[PDB]
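What follows is the content of final.cif (mmCIF, N, CA and C atoms).
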data_query
#
loop_
_atom_site.group_PDB
_atom_site.id
_atom_site.type_symbol
_atom_site.label_atom_id
_atom_site.label_comp_id
_atom_site.auth_asym_id
_atom_site.auth_seq_id
_atom_site.Cartn_x
_atom_site.Cartn_y
_atom_site.Cartn_z
ATOM 1 N N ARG A 1 0.821 -1.205 0.000
ATOM 2 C CA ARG A 1 0.000 0.000 0.000
ATOM 3 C C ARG A 1 0.857 1.258 0.000
ATOM 4 N N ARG A 2 1.921 1.283 0.802
ATOM 5 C CA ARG A 2 2.781 2.457 0.827
ATOM 6 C C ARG A 2 3.700 2.539 -0.381
ATOM 7 N N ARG A 3 3.783 1.480 -1.180
ATOM 8 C CA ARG A 3 4.485 1.518 -2.453
ATOM 9 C C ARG A 3 3.582 1.956 -3.597
ATOM 10 N N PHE A 4 2.352 2.355 -3.301
ATOM 11 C CA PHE A 4 1.503 2.954 -4.316
ATOM 12 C C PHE A 4 2.159 4.236 -4.817
ATOM 13 N N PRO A 5 2.281 4.427 -6.128
ATOM 14 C CA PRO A 5 3.039 5.574 -6.640
ATOM 15 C C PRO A 5 2.439 6.901 -6.204
ATOM 16 N N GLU A 6 3.317 7.860 -5.924
ATOM 17 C CA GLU A 6 2.874 9.206 -5.607
ATOM 18 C C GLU A 6 2.228 9.836 -6.841
ATOM 19 N N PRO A 7 1.321 10.800 -6.651
ATOM 20 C CA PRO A 7 0.532 11.290 -7.794
ATOM 21 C C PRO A 7 1.367 11.836 -8.938
ATOM 22 N N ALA A 8 2.533 12.423 -8.666
ATOM 23 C CA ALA A 8 3.383 12.891 -9.756
ATOM 24 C C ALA A 8 3.861 11.731 -10.623
ATOM 25 N N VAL A 9 4.247 10.620 -9.992
ATOM 26 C CA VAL A 9 4.701 9.454 -10.744
ATOM 27 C C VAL A 9 3.564 8.879 -11.574
ATOM 28 N N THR A 10 2.367 8.793 -10.993
ATOM 29 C CA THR A 10 1.213 8.309 -11.743
ATOM 30 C C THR A 10 0.900 9.230 -12.914
ATOM 31 N N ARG A 11 1.036 10.540 -12.707
ATOM 32 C CA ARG A 11 0.832 11.500 -13.784
ATOM 33 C C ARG A 11 1.818 11.269 -14.917
ATOM 34 N N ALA A 12 3.091 11.050 -14.577
ATOM 35 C CA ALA A 12 4.096 10.790 -15.604
ATOM 36 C C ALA A 12 3.806 9.494 -16.352
ATOM 37 N N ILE A 13 3.435 8.438 -15.624
ATOM 38 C CA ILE A 13 3.124 7.161 -16.263
ATOM 39 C C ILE A 13 1.935 7.308 -17.201
ATOM 40 N N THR A 14 0.895 8.019 -16.761
ATOM 41 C CA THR A 14 -0.292 8.186 -17.592
ATOM 42 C C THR A 14 0.002 9.036 -18.821
ATOM 43 N N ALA A 15 0.789 10.103 -18.666
ATOM 44 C CA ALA A 15 1.151 10.916 -19.821
ATOM 45 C C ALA A 15 1.972 10.114 -20.820
ATOM 46 N N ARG A 16 2.909 9.299 -20.326
ATOM 47 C CA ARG A 16 3.699 8.456 -21.217
ATOM 48 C C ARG A 16 2.829 7.418 -21.915
ATOM 49 N N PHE A 17 1.844 6.865 -21.203
ATOM 50 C CA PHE A 17 0.926 5.916 -21.823
ATOM 51 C C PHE A 17 0.079 6.587 -22.896
ATOM 52 N N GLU A 18 -0.370 7.814 -22.636
ATOM 53 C CA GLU A 18 -1.176 8.555 -23.595
ATOM 54 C C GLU A 18 -0.378 8.997 -24.813
ATOM 55 N N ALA A 19 0.920 9.259 -24.655
ATOM 56 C CA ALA A 19 1.718 9.725 -25.784
ATOM 57 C C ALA A 19 1.848 8.661 -26.867
ATOM 58 N N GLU A 20 1.853 7.384 -26.490
ATOM 59 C CA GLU A 20 1.970 6.288 -27.441
ATOM 60 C C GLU A 20 0.628 5.876 -28.036
ATOM 61 N N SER A 21 -0.386 6.739 -27.955
ATOM 62 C CA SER A 21 -1.728 6.348 -28.373
ATOM 63 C C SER A 21 -1.799 6.108 -29.874
ATOM 64 N N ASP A 22 -1.315 7.069 -30.661
ATOM 65 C CA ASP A 22 -1.499 7.379 -32.094
ATOM 66 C C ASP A 22 -2.780 8.167 -32.330
ATOM 67 N N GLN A 23 -3.579 8.437 -31.302
ATOM 68 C CA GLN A 23 -4.855 9.110 -31.504
ATOM 69 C C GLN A 23 -4.836 10.399 -30.689
ATOM 70 N N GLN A 24 -3.800 11.203 -30.887
ATOM 71 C CA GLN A 24 -3.762 12.507 -30.261
ATOM 72 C C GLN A 24 -4.794 13.429 -30.907
ATOM 73 N N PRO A 25 -5.230 14.467 -30.188
ATOM 74 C CA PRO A 25 -6.305 15.318 -30.723
ATOM 75 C C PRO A 25 -5.961 15.985 -32.041
ATOM 76 N N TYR A 26 -4.694 16.301 -32.277
ATOM 77 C CA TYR A 26 -4.273 16.962 -33.500
ATOM 78 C C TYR A 26 -3.478 16.002 -34.373
ATOM 79 N N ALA A 27 -3.377 16.358 -35.649
ATOM 80 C CA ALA A 27 -2.803 15.461 -36.640
ATOM 81 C C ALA A 27 -1.288 15.396 -36.500
ATOM 82 N N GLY A 28 -0.762 14.179 -36.389
ATOM 83 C CA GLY A 28 0.662 13.958 -36.427
ATOM 84 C C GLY A 28 1.143 13.953 -37.861
ATOM 85 N N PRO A 29 2.430 13.667 -38.075
ATOM 86 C CA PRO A 29 2.949 13.668 -39.455
ATOM 87 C C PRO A 29 2.197 12.726 -40.378
ATOM 88 N N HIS A 30 1.816 11.546 -39.883
ATOM 89 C CA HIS A 30 1.017 10.621 -40.680
ATOM 90 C C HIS A 30 -0.284 11.265 -41.138
ATOM 91 N N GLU A 31 -1.047 11.823 -40.197
ATOM 92 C CA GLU A 31 -2.350 12.370 -40.549
ATOM 93 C C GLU A 31 -2.217 13.664 -41.339
ATOM 94 N N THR A 32 -1.277 14.533 -40.958
ATOM 95 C CA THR A 32 -1.175 15.812 -41.650
ATOM 96 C C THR A 32 -0.638 15.637 -43.063
ATOM 97 N N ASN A 33 0.158 14.593 -43.312
ATOM 98 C CA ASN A 33 0.612 14.339 -44.675
ATOM 99 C C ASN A 33 -0.556 13.993 -45.589
ATOM 100 N N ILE A 34 -1.495 13.177 -45.112
ATOM 101 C CA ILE A 34 -2.617 12.805 -45.967
ATOM 102 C C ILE A 34 -3.659 13.918 -46.032
ATOM 103 N N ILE A 35 -3.803 14.707 -44.963
ATOM 104 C CA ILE A 35 -4.656 15.886 -45.024
ATOM 105 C C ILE A 35 -4.084 16.929 -45.976
ATOM 106 N N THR A 36 -2.764 16.975 -46.150
ATOM 107 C CA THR A 36 -2.207 17.825 -47.194
ATOM 108 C C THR A 36 -2.377 17.190 -48.569
ATOM 109 N N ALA A 37 -2.248 15.865 -48.647
ATOM 110 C CA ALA A 37 -2.352 15.182 -49.929
ATOM 111 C C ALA A 37 -3.734 15.354 -50.539
ATOM 112 N N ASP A 38 -4.788 15.204 -49.735
ATOM 113 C CA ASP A 38 -6.126 15.291 -50.310
ATOM 114 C C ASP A 38 -6.520 16.727 -50.640
ATOM 115 N N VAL A 39 -6.027 17.714 -49.886
ATOM 116 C CA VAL A 39 -6.298 19.097 -50.272
ATOM 117 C C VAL A 39 -5.526 19.458 -51.533
ATOM 118 N N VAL A 40 -4.350 18.862 -51.744
ATOM 119 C CA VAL A 40 -3.606 19.131 -52.971
ATOM 120 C C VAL A 40 -4.390 18.651 -54.187
ATOM 121 N N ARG A 41 -4.973 17.454 -54.106
ATOM 122 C CA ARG A 41 -5.723 16.878 -55.217
ATOM 123 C C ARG A 41 -7.209 17.213 -55.162
ATOM 124 N N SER A 42 -7.575 18.339 -54.561
ATOM 125 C CA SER A 42 -8.961 18.766 -54.468
ATOM 126 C C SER A 42 -9.175 20.034 -55.284
ATOM 127 N N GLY A 43 -10.403 20.214 -55.759
ATOM 128 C CA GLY A 43 -10.755 21.381 -56.530
ATOM 129 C C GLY A 43 -10.189 21.335 -57.933
ATOM 130 N N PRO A 44 -10.325 22.432 -58.671
ATOM 131 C CA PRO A 44 -9.825 22.473 -60.050
ATOM 132 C C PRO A 44 -8.325 22.246 -60.096
ATOM 133 N N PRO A 45 -7.849 21.424 -61.034
ATOM 134 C CA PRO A 45 -6.423 21.117 -61.077
ATOM 135 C C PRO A 45 -5.611 22.345 -61.437
ATOM 136 N N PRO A 46 -4.382 22.458 -60.927
ATOM 137 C CA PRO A 46 -3.553 23.618 -61.284
ATOM 138 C C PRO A 46 -2.949 23.518 -62.671
ATOM 139 N N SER A 47 -2.619 22.314 -63.132
ATOM 140 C CA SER A 47 -1.985 22.130 -64.430
ATOM 141 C C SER A 47 -2.979 22.108 -65.582
ATOM 142 N N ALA A 48 -4.275 22.194 -65.303
ATOM 143 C CA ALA A 48 -5.285 22.186 -66.356
ATOM 144 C C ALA A 48 -5.229 23.501 -67.123
ATOM 145 N N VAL A 49 -4.814 23.438 -68.386
ATOM 146 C CA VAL A 49 -4.739 24.624 -69.239
ATOM 147 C C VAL A 49 -6.096 24.729 -69.927
ATOM 148 N N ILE B 1 -32.594 35.193 -95.856
ATOM 149 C CA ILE B 1 -32.670 34.255 -96.969
ATOM 150 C C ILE B 1 -34.112 34.190 -97.446
ATOM 151 N N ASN B 2 -34.307 34.323 -98.754
ATOM 152 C CA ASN B 2 -35.618 34.192 -99.371
ATOM 153 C C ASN B 2 -35.585 32.999 -100.312
ATOM 154 N N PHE B 3 -36.471 32.038 -100.079
ATOM 155 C CA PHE B 3 -36.573 30.849 -100.908
ATOM 156 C C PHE B 3 -37.840 30.899 -101.747
ATOM 157 N N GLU B 4 -37.751 30.342 -102.947
ATOM 158 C CA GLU B 4 -38.910 30.053 -103.776
ATOM 159 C C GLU B 4 -38.880 28.570 -104.101
ATOM 160 N N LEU B 5 -39.990 27.886 -103.853
ATOM 161 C CA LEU B 5 -40.039 26.435 -103.919
ATOM 162 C C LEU B 5 -41.202 25.997 -104.793
ATOM 163 N N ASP B 6 -41.092 24.800 -105.350
ATOM 164 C CA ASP B 6 -42.244 24.197 -106.005
ATOM 165 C C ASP B 6 -43.246 23.756 -104.945
ATOM 166 N N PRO B 7 -44.526 24.097 -105.089
ATOM 167 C CA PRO B 7 -45.512 23.735 -104.060
ATOM 168 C C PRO B 7 -45.700 22.227 -104.003
ATOM 169 N N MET B 8 -45.438 21.653 -102.835
ATOM 170 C CA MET B 8 -45.577 20.221 -102.634
ATOM 171 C C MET B 8 -46.964 19.942 -102.056
ATOM 172 N N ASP B 9 -47.258 18.678 -101.751
ATOM 173 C CA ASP B 9 -48.590 18.287 -101.304
ATOM 174 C C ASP B 9 -48.621 17.862 -99.840
ATOM 175 N N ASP B 10 -47.619 18.245 -99.056
ATOM 176 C CA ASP B 10 -47.586 17.924 -97.636
ATOM 177 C C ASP B 10 -46.643 18.899 -96.949
ATOM 178 N N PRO B 11 -46.806 19.115 -95.644
ATOM 179 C CA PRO B 11 -45.886 20.009 -94.933
ATOM 180 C C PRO B 11 -44.467 19.465 -94.964
ATOM 181 N N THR B 12 -43.536 20.305 -95.405
ATOM 182 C CA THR B 12 -42.138 19.926 -95.517
ATOM 183 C C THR B 12 -41.265 20.964 -94.834
ATOM 184 N N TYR B 13 -40.200 20.490 -94.204
ATOM 185 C CA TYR B 13 -39.163 21.369 -93.701
ATOM 186 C C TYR B 13 -38.245 21.778 -94.845
ATOM 187 N N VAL B 14 -37.397 22.763 -94.580
ATOM 188 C CA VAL B 14 -36.304 23.118 -95.474
ATOM 189 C C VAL B 14 -35.032 22.941 -94.661
ATOM 190 N N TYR B 15 -34.351 21.818 -94.870
ATOM 191 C CA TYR B 15 -33.171 21.493 -94.084
ATOM 192 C C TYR B 15 -32.024 22.413 -94.470
ATOM 193 N N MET B 16 -31.801 23.452 -93.674
ATOM 194 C CA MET B 16 -30.781 24.446 -93.961
ATOM 195 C C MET B 16 -29.523 24.127 -93.169
ATOM 196 N N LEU B 17 -28.385 24.091 -93.855
ATOM 197 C CA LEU B 17 -27.097 23.816 -93.232
ATOM 198 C C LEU B 17 -26.170 24.986 -93.505
ATOM 199 N N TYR B 18 -25.716 25.641 -92.446
ATOM 200 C CA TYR B 18 -24.721 26.692 -92.579
ATOM 201 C C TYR B 18 -23.341 26.044 -92.621
ATOM 202 N N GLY B 19 -22.292 26.853 -92.649
ATOM 203 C CA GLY B 19 -20.957 26.301 -92.585
ATOM 204 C C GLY B 19 -20.265 26.729 -91.313
ATOM 205 N N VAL B 20 -20.007 25.790 -90.407
ATOM 206 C CA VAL B 20 -19.492 26.130 -89.089
ATOM 207 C C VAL B 20 -18.243 25.314 -88.796
ATOM 208 N N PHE B 21 -17.389 25.862 -87.931
ATOM 209 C CA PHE B 21 -16.278 25.113 -87.348
ATOM 210 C C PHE B 21 -16.672 24.719 -85.930
ATOM 211 N N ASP B 22 -17.482 23.667 -85.827
ATOM 212 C CA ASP B 22 -17.867 23.126 -84.523
ATOM 213 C C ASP B 22 -16.787 22.160 -84.037
ATOM 214 N N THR B 23 -15.703 22.741 -83.537
ATOM 215 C CA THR B 23 -14.521 21.995 -83.148
ATOM 216 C C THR B 23 -14.405 21.926 -81.631
ATOM 217 N N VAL B 24 -13.762 20.862 -81.157
ATOM 218 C CA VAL B 24 -13.490 20.647 -79.742
ATOM 219 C C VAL B 24 -12.044 20.216 -79.599
ATOM 220 N N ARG B 25 -11.354 20.770 -78.609
ATOM 221 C CA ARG B 25 -10.029 20.295 -78.241
ATOM 222 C C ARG B 25 -10.077 19.788 -76.808
ATOM 223 N N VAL B 26 -9.473 18.628 -76.582
ATOM 224 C CA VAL B 26 -9.614 17.889 -75.337
ATOM 225 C C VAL B 26 -8.359 18.095 -74.506
ATOM 226 N N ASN B 27 -8.527 18.648 -73.311
ATOM 227 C CA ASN B 27 -7.425 18.861 -72.385
ATOM 228 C C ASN B 27 -7.478 17.793 -71.301
ATOM 229 N N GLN B 28 -6.417 16.998 -71.203
ATOM 230 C CA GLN B 28 -6.294 15.943 -70.200
ATOM 231 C C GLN B 28 -4.972 16.158 -69.479
ATOM 232 N N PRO B 29 -4.924 17.106 -68.539
ATOM 233 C CA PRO B 29 -3.630 17.463 -67.937
ATOM 234 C C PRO B 29 -3.080 16.405 -67.000
ATOM 235 N N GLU B 30 -3.918 15.824 -66.145
ATOM 236 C CA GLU B 30 -3.454 14.809 -65.208
ATOM 237 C C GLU B 30 -4.304 13.553 -65.305
ATOM 238 N N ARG B 31 -4.107 12.625 -64.375
ATOM 239 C CA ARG B 31 -4.927 11.427 -64.334
ATOM 240 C C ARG B 31 -6.364 11.792 -63.988
ATOM 241 N N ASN B 32 -7.304 11.050 -64.577
ATOM 242 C CA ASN B 32 -8.754 11.222 -64.410
ATOM 243 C C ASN B 32 -9.158 12.693 -64.293
ATOM 244 N N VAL B 33 -8.619 13.502 -65.202
ATOM 245 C CA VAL B 33 -9.029 14.892 -65.380
ATOM 246 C C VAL B 33 -9.312 15.061 -66.866
ATOM 247 N N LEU B 34 -10.588 15.113 -67.229
ATOM 248 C CA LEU B 34 -11.015 15.218 -68.617
ATOM 249 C C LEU B 34 -11.791 16.514 -68.790
ATOM 250 N N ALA B 35 -11.315 17.375 -69.686
ATOM 251 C CA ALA B 35 -11.943 18.665 -69.934
ATOM 252 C C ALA B 35 -12.006 18.911 -71.430
ATOM 253 N N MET B 36 -13.160 19.368 -71.906
ATOM 254 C CA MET B 36 -13.371 19.665 -73.314
ATOM 255 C C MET B 36 -13.864 21.094 -73.472
ATOM 256 N N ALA B 37 -13.401 21.757 -74.528
ATOM 257 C CA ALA B 37 -13.828 23.108 -74.870
ATOM 258 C C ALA B 37 -14.504 23.058 -76.233
ATOM 259 N N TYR B 38 -15.797 23.359 -76.266
ATOM 260 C CA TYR B 38 -16.566 23.351 -77.501
ATOM 261 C C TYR B 38 -16.662 24.768 -78.042
ATOM 262 N N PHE B 39 -16.372 24.933 -79.329
ATOM 263 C CA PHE B 39 -16.480 26.241 -79.957
ATOM 264 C C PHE B 39 -16.916 26.070 -81.400
ATOM 265 N N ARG B 40 -17.884 26.882 -81.814
ATOM 266 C CA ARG B 40 -18.450 26.841 -83.154
ATOM 267 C C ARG B 40 -18.434 28.255 -83.713
ATOM 268 N N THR B 41 -17.645 28.471 -84.769
ATOM 269 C CA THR B 41 -17.237 29.816 -85.163
ATOM 270 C C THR B 41 -18.381 30.740 -85.585
ATOM 271 N N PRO B 42 -19.315 30.337 -86.456
ATOM 272 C CA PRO B 42 -20.418 31.250 -86.775
ATOM 273 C C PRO B 42 -21.458 31.289 -85.670
ATOM 274 N N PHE B 43 -21.792 30.120 -85.135
ATOM 275 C CA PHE B 43 -22.888 29.959 -84.188
ATOM 276 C C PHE B 43 -22.350 29.315 -82.919
ATOM 277 N N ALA B 44 -21.885 30.132 -81.983
ATOM 278 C CA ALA B 44 -21.366 29.631 -80.720
ATOM 279 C C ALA B 44 -22.502 29.488 -79.721
ATOM 280 N N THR B 45 -22.226 28.795 -78.616
ATOM 281 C CA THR B 45 -23.232 28.517 -77.598
ATOM 282 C C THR B 45 -22.632 28.794 -76.213
ATOM 283 N N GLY B 46 -21.997 29.954 -76.080
ATOM 284 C CA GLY B 46 -21.477 30.373 -74.792
ATOM 285 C C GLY B 46 -22.368 31.409 -74.140
ATOM 286 N N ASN B 47 -22.901 31.093 -72.960
ATOM 287 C CA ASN B 47 -23.924 31.912 -72.325
ATOM 288 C C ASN B 47 -23.401 32.736 -71.154
ATOM 289 N N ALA B 48 -22.114 32.628 -70.832
ATOM 290 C CA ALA B 48 -21.463 33.441 -69.802
ATOM 291 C C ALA B 48 -22.259 33.451 -68.496
ATOM 292 N N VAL B 49 -22.330 32.283 -67.867
ATOM 293 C CA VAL B 49 -22.996 32.162 -66.577
ATOM 294 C C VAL B 49 -21.957 32.126 -65.464
#
Translate the structure of the given file into structure tokens.
Amino acid sequence: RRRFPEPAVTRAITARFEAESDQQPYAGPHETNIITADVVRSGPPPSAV
Amino acid sequence: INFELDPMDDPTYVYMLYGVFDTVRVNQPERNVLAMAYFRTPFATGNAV
């Protein structure tokens, strides 16, 4: 019982567990690359003469 | 245009053909991008919408 981690340690463990999610609220390089890819190929083409 | 015709015995059209350059050039700049421009020199059909 007295070896139960202090709240700072639990906070660090939980933050480290959350960092490895892959489902962070904002887009990582994987998601932002494809969000850039689809906006690039959206709307009227630029090379269309 | 004023026509004089032999009187026939049934309602008839007068198939009139002008001389036009109803040409189209096809622009295909990238993959699955198909665009056509239709232009007819005496009688065009551009309505500027």
Item to check | Proximal residues of chain A relative to chain B (only N, CA and C atoms; 7 Å) as a PyMOL selection string | outcome: chain A and resi 47-49
Please give the centre and size of the box around stretch 32-36 of chain B (axis-aligned, containing every atom listed in the file, 4 Å added per side), with values in Å to one decimal and written as AutoDock Vina command-line options.
--center_x -10.6 --center_y 16.1 --center_z -68.9 --size_x 14.6 --size_y 18.0 --size_z 17.2
Item to check | Residue IDs satisfying the PyMOL selection byres ((chain B and resi 40-49) around 7), as an NGL selection string | outcome: :B and (19-23 or 38-39)
Checklist outcome for this item: What separates atom CA of residue B:36 and atom CA of residue A:43 is a distance of 17.1 Å
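From atom CA of residue B:18 back to atom N of residue B:3, the distance works out to 14.9 Å.
Atom CA of residue A:13 is positioned 21.4 Å from atom CA of residue A:28.
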